[PDB]
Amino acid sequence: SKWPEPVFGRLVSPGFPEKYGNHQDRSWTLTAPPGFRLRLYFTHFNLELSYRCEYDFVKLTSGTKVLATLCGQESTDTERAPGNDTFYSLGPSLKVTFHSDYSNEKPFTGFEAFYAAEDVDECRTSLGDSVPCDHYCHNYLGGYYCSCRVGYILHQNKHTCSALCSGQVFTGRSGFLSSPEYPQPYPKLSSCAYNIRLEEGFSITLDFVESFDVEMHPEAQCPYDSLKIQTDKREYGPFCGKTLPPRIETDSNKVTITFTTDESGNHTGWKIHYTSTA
């Protein structure tokens, strides 16, 4: 219900299209709305040529960086003329500076430049392996939004996808149980809780199977990702490393398994096969 305002304009050297004079200094600060960057190009460029544009120049800077230093008419080995190149602001702001020195041996016409704001694509551009979203990144005008696959919920940090893996209440007495996505990497910032609740007088036995991969610390044990098992009379765990933990035999009919994950890592996780006797 609220939309960005357009931002666009035209910049010229003093007196354009007539020849620019000596000892002139101009600067324009251009600012796009949040989520936008600026796009600038030159329809006309004809300045005094000099080594590294020491005499006359047009300087484009953005944020903390110098985007370009331009002079002459056609780009050389150590100088740059803009040609049909396009220049982009870093962030929403862009400064344009024009300077002429004490003399022009020829009648130089200066420059005509045009600029326009365009939406930043936070999902595709400024992207290496670093996607700002855990699952789905949605670009829109002036921003972006994150969403998650089914069976997840967006964390409060608005980027991480937390599994909905609590609430599983098993009553079938022989069965399997697992970390999310296994054997794919288990999700970040998740709190899983699995409850085996069956008839009284029965005793359960739990078995880890196949592969095991939980984030470990060099000299500490399991401070990051914590996998623990709980009978109403006793506690077991936490299990880490990359070796399948030994069998466990419970006295109780009701058992609770909890799996907690922290903000980082791509570890595969765990399987558990539980059986039964009297």
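From 1 onward, residues are counted along the sequence shown.
Judged by mean Cα B factor in the deposited record, 178-186 ranks above the other of 133-141 and 178-186. Judged by mean Cα B factor in the deposited record, 221-229 ranks above the other of 38-46 and 221-229. Out of 96, 206, 113, 90, the entry records its largest CA B-factor for 206. Remark: of 120, 198, 153, 165, 198 shows the highest value [criterion: C-alpha B-factor in the PDB entry]. Residue-level temperature factors show residue 146 in the lowest third of its chain, judged at the C-alpha atom. In the deposited entry, the Cα temperature factor of residue 243 places it in the highest third of its chain's modelled residues. Among the modelled residues of its chain, residue 252 has a C-alpha B-factor that falls in the highest third, as given in the PDB entry. Sort the chain's modelled residues by C-alpha temperature factor and residue 107 lands in the middle third, per the entry.
For residue 100, the recorded CA temperature factor ranks within the lowest third of the chain's modelled residues.
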